[PDB]
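*Asks:* Once you've had a glance at the structure underneath, I'll fire off some questions.
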Amino acid sequence: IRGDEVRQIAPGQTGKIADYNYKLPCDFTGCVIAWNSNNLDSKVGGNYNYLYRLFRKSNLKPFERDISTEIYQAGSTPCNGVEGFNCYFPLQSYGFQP
Amino acid sequence: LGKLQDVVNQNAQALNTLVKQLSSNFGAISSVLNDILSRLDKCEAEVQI
Amino acid sequence: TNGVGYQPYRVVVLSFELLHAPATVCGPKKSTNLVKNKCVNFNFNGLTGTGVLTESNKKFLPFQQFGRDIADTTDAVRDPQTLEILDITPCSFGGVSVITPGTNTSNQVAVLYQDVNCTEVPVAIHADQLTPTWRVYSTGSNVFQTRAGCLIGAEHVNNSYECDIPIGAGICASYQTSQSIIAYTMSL
Amino acid sequence: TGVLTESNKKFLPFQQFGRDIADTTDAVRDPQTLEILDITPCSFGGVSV
Amino acid sequence: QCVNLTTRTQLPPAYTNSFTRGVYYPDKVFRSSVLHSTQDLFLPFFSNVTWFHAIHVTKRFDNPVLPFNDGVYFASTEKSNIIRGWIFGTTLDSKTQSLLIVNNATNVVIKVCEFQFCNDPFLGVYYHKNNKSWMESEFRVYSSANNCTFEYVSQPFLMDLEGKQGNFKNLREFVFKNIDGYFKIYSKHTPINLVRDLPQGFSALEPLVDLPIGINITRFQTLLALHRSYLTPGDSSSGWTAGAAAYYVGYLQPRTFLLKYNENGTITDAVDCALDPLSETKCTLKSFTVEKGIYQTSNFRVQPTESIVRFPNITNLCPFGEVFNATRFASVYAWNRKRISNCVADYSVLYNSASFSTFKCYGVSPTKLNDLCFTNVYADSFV
Ligand SMILES: C=CC1=C(C)/C(=C/c2[nH]c(/C=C3N=C(/C=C4\NC(=O)C(C)=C4C=C)C(C)=C\3CCC(=O)O)c(CCC(=O)O)c2C)NC1=O
Ligand SMILES: *[C@@H]1O[C@H](CO)[C@@H](O[C@@H]2O[C@H](CO)[C@@H](O)[C@H](O)[C@H]2NC(C)=O)[C@H](O)[C@H]1NC(C)=O
Ligand SMILES: CCCCC/C=C\C/C=C/CCCCCCCC(=O)O
Ligand SMILES: *[C@@H]1O[C@H](CO)[C@@H](O)[C@H](O)[C@H]1NC(C)=O
Ligand SMILES: *[C@@H]1O[C@H](CO)[C@@H](O)[C@H](O)[C@H]1NC(C)=O
Ligand SMILES: *[C@@H]1O[C@H](CO)[C@@H](O)[C@H](O)[C@H]1NC(C)=O
Ligand SMILES: *[C@@H]1O[C@H](CO)[C@@H](O)[C@H](O)[C@H]1NC(C)=O
Ligand SMILES: *[C@@H]1O[C@H](CO)[C@@H](O)[C@H](O)[C@H]1NC(C)=O
Ligand SMILES: *[C@@H]1O[C@H](CO)[C@@H](O)[C@H](O)[C@H]1NC(C)=O
Ligand SMILES: *[C@@H]1O[C@H](CO)[C@@H](O)[C@H](O)[C@H]1NC(C)=O
Ligand SMILES: *[C@@H]1O[C@H](CO)[C@@H](O)[C@H](O)[C@H]1NC(C)=O
Ligand SMILES: *[C@@H]1O[C@H](CO)[C@@H](O)[C@H](O)[C@H]1NC(C)=O
Ligand SMILES: *[C@@H]1O[C@H](CO)[C@@H](O)[C@H](O)[C@H]1NC(C)=O
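Here is the structure:
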């Protein structure tokens, strides 16, 4: 993830990561380790291999995974699985410059 | 008949005091289950409850 | 170009209070039509809960939304959409007593619903939401009204005997010999 | 802390500990030598002076 | 490639009564001679469990897409091992990950995988002509498998996949549930000699697996193994005889139970609290025997079934772009303060662009900010 979102890896948090990508329980025995990975996952011109889900219908359950790439209908009209106005691709790319 | 009336009054007063005692927080953030369960998830609400 | 500790940080502090006064800043939820007189989970302006909603009369000054009783539990709430006062009651009540001959004899039982008329037992007990096995003990032919309450599952007998299982208000129940539970006024 | 003794208990393969009415652990499966050991307090009440 | 069955004689769904079934160990702890109380997802006693069966001569082979509701009790009576797998998922369309448990007569395989499932999948069995035995040359479950994040191909084995005629000999009971991304399966196999609906007896379903699939499950279906021999006419869509097996599906609900652990550590009896007044008294008194008398009993009988939300109808999105996307902030000594009212604090708009180094909330759990209304909102802004 990015640094600013490391705080979201904890029980009872909210945000992109703690709602749409990775959720932790509060009956959670275990522990969390995070370390800066610059000059290992960031390259010149931007590293776009790492993605994160930006739009979802509802929040995730704890330890639930969602790899679906279906188009997110933000507005009223169904856009029928093609990108367009008021429909977005739910996965966005981190831009990790060094 | 002060004795019998005293008995009845004692019982009624005890029950009313028991009802009144539900307003005490006992260290929790509130004395109402609904407020605790709405402000906090079970994560933090378990200890208060 | 200075260190991260010296870099500028923009800060906003959002101060508010909850569940104590009328609210205009709401979350991104969608309301639902009102279902009254049913054990239901409700959420009024973020105050969640479960119970039975009914209509009543209360004079709420414009700066008041909730009302609290002696026990401090919220009892009256102003509905934000349709401006009216609704009273919350628990969707159950104490006063259910189970009469039985002891196991190793039979599994039949009787139920005494205390201080309820036999006409209004189902609404009081919310038998619509109860299991099928609880509904047979809610209404039938063995329904008997007493000064204590309504007794179900035992046939009323005009005869009088000694007290085997005391019930109340001069009523005692026993296990006759097909085999069934009887309820009768005691013999002094 | 306590006193370990040997005993007889049928532990299914997914069970390691055993708990009594008071919820304190009373039987433990020794990981190295597969056997059940009972833990008792190393003292007892009943001493009068 | 996959073939859709065309010959069907369908009846309305059948029901039966599940009595004192579906009890499982709730923990991996040994307790002996103890009356232990618990609350969890359990199958209520004396429940209307749905009945399905495959028998021939009326050419039913029923296997619909049933719904999954926070836990399921499955129980199959069989002798020839017809009922031989399950498919779980949310849409079963390859747009979402789906779970597949299949015993293909040599291995039991568990896959969490984006499957383009058939419409009426069947695992197949075939009485071979080149040799007088049973073995299957058809595996008709899915058409594609991509982005495939789990695998439990087991050790090889061999099983009596033959078609036996007579009386049932195996009752296999399973409890599935999905909690915190963990698929818990409890299992029990017992020999029974009955050709009826659910037998008389108490089971003690042991924990089988706790798989980490981490998916959303709302529907399933069963994978039945087609019989096929040289005594049936027609093509694959007609030339198949049904099996001779039956299954039953329940639906777990949150219930409080009493359980009795015997001297050897096994569950032998239980009480469904909130079933009938007598069980309610056994449950309140914490015993399996009640002597003659009258007992005051607590309130477990009624449980909630629906939820209501009643919020003000306000449509004006809240000024997030004026406090966060402000051209200029205030100096900390003259810190700005802004009243906020008549809002819908969706705050998902900030996800697109704004990233916050610190976001700490006091007096409120962050998860509950979507389920609340705030009275006197002030934004104090500075640098
Ligand atoms: C489908 C998933 C599947 C599961 C979960 C499974 C579990 C399972 N099956 C077993 C035996 C066995 N399992 C089967 C067959 C089955 N058992 C079933 O759950 C099903 C659906 C069938 C086929 C219809 C048989 C025939 C035995 C041996 C019975 C015996 O030898 O008496 C055992 C005990 C193994 C041992 O004691 O060494 C386990 C744990 N086997 C499977 O194939
Ligand atoms: C798991 O899958 C189900 C089915 O897709 C989701 O429930 C549906 O969500 C949509 C909105 O996204 C609603 O229109 C449907 O009415 C819902 N159906 C039911 C029965 O609730 C569910 O949201 C998914 N669970 C999670 C955590 O994402
Ligand atoms: C215009 C301000 C409205 C104020 C509403 C007040 C309280 C309800 C919303 C609370 C959270 C504020 C947004 C913080 C988003 C953090 C998500 C993240 O990036 O991790
Ligand atoms: C919206 O709110 C108003 C008053 O606040 C109320 O009269 C009305 O019933 C609500 N619902 C709709 C659809 O307007
Ligand atoms: C309910 O019972 C009370 C006293 O028994 C009686 O006054 C009242 O009329 C009854 N109401 C009905 C509808 O029967
Ligand atoms: C459900 O079970 C009850 C008995 O507990 C029975 O009265 C009822 O008819 C059953 N309903 C269905 C649809 O099976
Ligand atoms: C008891 O007496 C009343 C009238 O005195 C009568 O109506 C009633 O039928 C009697 N009970 C039975 C079971 O017959
Ligand atoms: C090591 O473990 C095995 C079984 O786990 C046990 O039999 C053995 O006694 C232990 N000690 C040594 C030295 O191997
Ligand atoms: C089965 O037949 C084809 C595939 O062979 C499929 O497109 C169709 O949807 C299926 N028929 C029905 C009634 O579902
Ligand atoms: C099906 O059975 C065959 C037997 O050779 C085995 O190779 C295979 O692993 C089984 N299917 C899967 C998906 O493993
Ligand atoms: C999911 O499958 C599609 C099919 O091409 C592929 O493009 C995509 O990269 C896969 N995503 C993951 C996380 O495997
Ligand atoms: C407990 O296990 C032993 C040996 O397996 C057996 O003799 C005994 O019968 C079992 N206890 C009961 C009540 O059956
Ligand atoms: C805030 O500013 C950024 C950059 O101009 C823009 O991408 C984003 O849409 C804005 N978000 C809001 C809520 O105004």
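Residue numbers (the authors' numbering), protein chains in the order written: chain A, 402 to 499; chain B, 945 to 993; chain C, 500 to 676, 689 to 699; chain D, 549 to 597; chain E, 14 to 70, 76 to 401.
For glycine and all other residues, C-beta sits at the position ideal for the given N, C-alpha and C.
1) Is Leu-387 of chain E near ligand 3, with its Cβ less than 7 Å from a heavy atom?
2) May I have the straight-line CA-CA distance separating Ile-68 of chain E from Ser-98 of chain E, to the nearest angstrom?
3) Is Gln-954 of chain B helix, strand or coil when you go by DSSP?
4) Indicate, with yes or no, if ligand 3 has a heavy atom lying under 7 Å from the CB of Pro-330 of chain E.
5) So if DSSP puts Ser-514 of chain C in a beta bridge, which residue, or which two residues, is it bridged to?
6) Work out the CA separation of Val-608 of chain C and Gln-690 of chain C for me, nearest whole Å.
7) Note the first and the last residue of the continuous beta strand (DSSP E) segment covering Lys-195 of chain E.
8) When you compare the CB of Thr-531 of chain C with every CB in chain B, is at least one pair closer than 8 Å?
9) Determine which residues of the region 509–521 of chain C have a Cβ less than 8 Å from any Cβ of chain B, and write them out in chain order.
10) Does any residue of chain B bring its CB to less than 8 Å from the CB of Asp-614 of chain C?
11) Using beta carbons (cut-off 8 Å, strictly below), is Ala-626 of chain C in contact with chain B?
12) Between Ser-637 of chain C and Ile-624 of chain C, which are expected to be in contact by the criterion C-beta below 8 Å, what is the C-beta distance as a whole number of angstroms?
13) At a CB distance below 8 Å, what residues from the region 102–121 of chain E approach chain A? Give them in sequence order.
14) Tell me whether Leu-962 of chain B sits in a helix, a strand or coil according to DSSP, three-state version.
15) Looking only at its own chain, which residues have a Cβ that is under 6 Å from the Cβ of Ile-128 of chain E, when we skip the five neighbours before and after it?
16) Between the alpha carbons of residue 71 of chain E and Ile-569 of chain D, how many angstroms are there, rounded?
17) At a threshold of 7 Å, does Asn-282 of chain E count as lining ligand 10 (C-beta to nearest heavy atom)?
18) Would you mind telling me which residues of chain B sit closer than 7 Å to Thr-385 of chain E, beta carbon to beta carbon, in chain order?
19) Name the chain E residues whose beta carbon is nearer than 8 Å to that of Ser-982 of chain B?
20) State yes or no: is the C-beta of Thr-618 of chain C nearer than 7 Å to some heavy atom of ligand 5?
21) With distances taken Cα to Cα, identify the nearest neighbour of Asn-121 of chain E among E:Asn-280, E:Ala-397, E:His-146, E:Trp-104.
22) Quick check on the DSSP output: the alpha helix (DSSP H) that includes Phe-338 of chain E runs from which residue to which?
23) With which residues is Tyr-28 of chain E paired in a DSSP beta bridge?
24) With C-beta atoms as the reference, is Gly-485 of chain A less than 8 Å away from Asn-437 of chain A?
25) List the residues of chain E that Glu-988 of chain B touches, going by C-beta distances under 9 Å, in chain order.
26) Could you give the residue range of the beta strand (DSSP E) that holds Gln-414 of chain A?
27) For the candidate residues E:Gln-134, E:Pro-230, E:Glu-96, whose alpha-carbon lies nearest to that of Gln-183 of chain E?
28) Is DSSP giving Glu-583 of chain C helix, strand or coil here?
29) Would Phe-55 of chain E and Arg-355 of chain E be called neighbours here (beta carbons separated by less than 8 Å)?
30) For a test of your reading of the model: does the CB of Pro-631 of chain C fall under 7 Å from any non-hydrogen atom of ligand 6? Yes or no.
31) If you run the structure through DSSP and keep just helix, strand and coil, what is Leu-242 of chain E?
32) Does any residue of chain B have a CB that is nearer than 8 Å to the CB of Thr-572 of chain C?
*Replies:* Looking at the coordinates:
1) Relative to the non-hydrogen atoms of ligand 3, the Cβ of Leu-387 of chain E comes within a distance shorter than 7 Å of at least one.
2) Annotation: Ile-68 of chain E to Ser-98 of chain E spans about 12 Å, alpha carbon to alpha carbon.
3) Here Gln-954 of chain B sits in helix by DSSP.
4) Outside the cutoff, so no.
5) The partner list for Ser-514 of chain C (beta bridge, DSSP) reads E:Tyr-396.
6) Rounded to whole angstroms, the separation of the alpha carbons of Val-608 of chain C and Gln-690 of chain C is 12 Å.
7) Taken as a continuous stretch (DSSP letters only), the beta strand (DSSP E) holding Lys-195 of chain E covers 188–197.
8) Not one chain B Cβ lies under 8 Å of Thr-531 of chain C.
9) Under the 8 Å Cβ criterion, the region 509–521 of chain C contributes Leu-517, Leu-518.
10) For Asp-614 of chain C, no Cβ of chain B is located within less than 8 Å of the residue's own Cβ.
11) For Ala-626 of chain C, the answer is no, since every Cβ of chain B falls outside 8 Å of its Cβ.
12) Cβ-Cβ separation between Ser-637 of chain C and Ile-624 of chain C: approximately 6 Å, consistent with a contact (criterion under 8 Å).
13) Listed by position, the residues of the region 102–121 of chain E near chain A (Cβ gap below 8 Å) are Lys-113, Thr-114, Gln-115.
14) Helix, per DSSP.
15) By the criterion of a C-beta distance shorter than 6 Å, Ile-128 of chain E is surrounded in its chain by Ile-119, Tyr-170, once the five residues flanking it on both sides are discounted.
16) One cannot assign coordinates to residue 71 of chain E, given that chain E in this structure leaps from 70 to 76.
17) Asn-282 of chain E: no, Cβ never under 7 Å from ligand 10.
18) Residues of chain B whose Cβ lies closer than 7 Å to the Cβ of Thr-385 of chain E are, in chain order, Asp-985.
19) The answer, in chain order, is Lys-386, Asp-389, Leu-390.
20) Correct: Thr-618 of chain C has its Cβ closer than 7 Å to ligand 5.
21) Closest option to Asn-121 of chain E, Cα to Cα, is E:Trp-104.
22) Where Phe-338 of chain E is concerned, the enclosing alpha helix (DSSP H) stretches over 338–341.
23) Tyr-28 of chain E is bridged to E:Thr-63.
24) No, they are not a contact pair.
25) Those within 9 Å of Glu-988 of chain B in chain E are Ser-383.
26) Going by DSSP, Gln-414 of chain A is part of no beta strand (DSSP E) at all; its letter is neither H nor E.
27) For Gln-183 of chain E, the nearest C-alpha among the options comes from E:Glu-96.
28) Strand at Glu-583 of chain C.
29) No, these two residues do not count as a Cβ contact at 8 Å.
30) Yes, Cβ of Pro-631 of chain C sits closer than 7 Å to a heavy atom of ligand 6.
31) If DSSP states are grouped into helix, strand and coil, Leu-242 of chain E belongs with the strands.
32) Yes - at least one Cβ of chain B is within 8 Å of the one on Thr-572 of chain C.
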